[PDB]
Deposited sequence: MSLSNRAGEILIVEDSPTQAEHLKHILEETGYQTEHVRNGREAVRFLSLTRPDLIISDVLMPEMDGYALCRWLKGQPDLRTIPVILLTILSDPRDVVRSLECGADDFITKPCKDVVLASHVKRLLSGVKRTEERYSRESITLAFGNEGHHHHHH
């Protein structure tokens, strides 16, 4: 129990995220950019999303802004994996509206506890639901 969508362009980094999250017991799915995540979320609802920033088509900031715009999807917790190397990085992060920020190079332990914490938070909420 725990279905997590990983949004990551680097195949090896995606794999590392796959390893450490499945080892703690989550089921995971992988997508390469934000636009693919949109296509995924048309059919499937994950419990949590982890997105990197740098990606083709639709970057992680843009995906977060989009997710928080959608009335049924805004509730899914998003972790932004980000690198803050200049003031524009800080501004883009502050505006994207992710639920959690983790800067790259990170400890697996920290990523682990963040996922856990955010997922214990959404244990306070049907086959058919109307979108109106």
Deposited seq positions with no alpha-carbon in the coordinates run 1-6, 132-137, 145-154
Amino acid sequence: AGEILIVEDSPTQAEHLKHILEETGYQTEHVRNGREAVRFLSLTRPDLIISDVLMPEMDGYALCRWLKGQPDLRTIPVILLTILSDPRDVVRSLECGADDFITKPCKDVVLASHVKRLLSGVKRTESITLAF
From here on, numbers count along this sequence of modelled residues.
Which wins on mean Cα temperature factor, 66-74 or 98-106?
-> 66-74
Mean Cα B-factor comparison, 13-21 or 115-123, giving the higher one as deposited | 115-123
Which is it among 91, 38, 79, 54: the one with the largest CA B-factor in the entry?
-> 54
Lowest, middle or highest third - CA B-factor, residue 33 = lowest
Among modelled residues of the same chain, the CA temperature factor third for residue 58 = middle
Check where residue 7 lands among this chain's C-alpha B-factors and tell me if it's the lowest, middle or highest third.
-> lowest
Split the chain's modelled residues into thirds by Cα B-factor; residue 50 lands in the lowest
For residue 84, the third of its chain into which the C-alpha B factor falls = middle
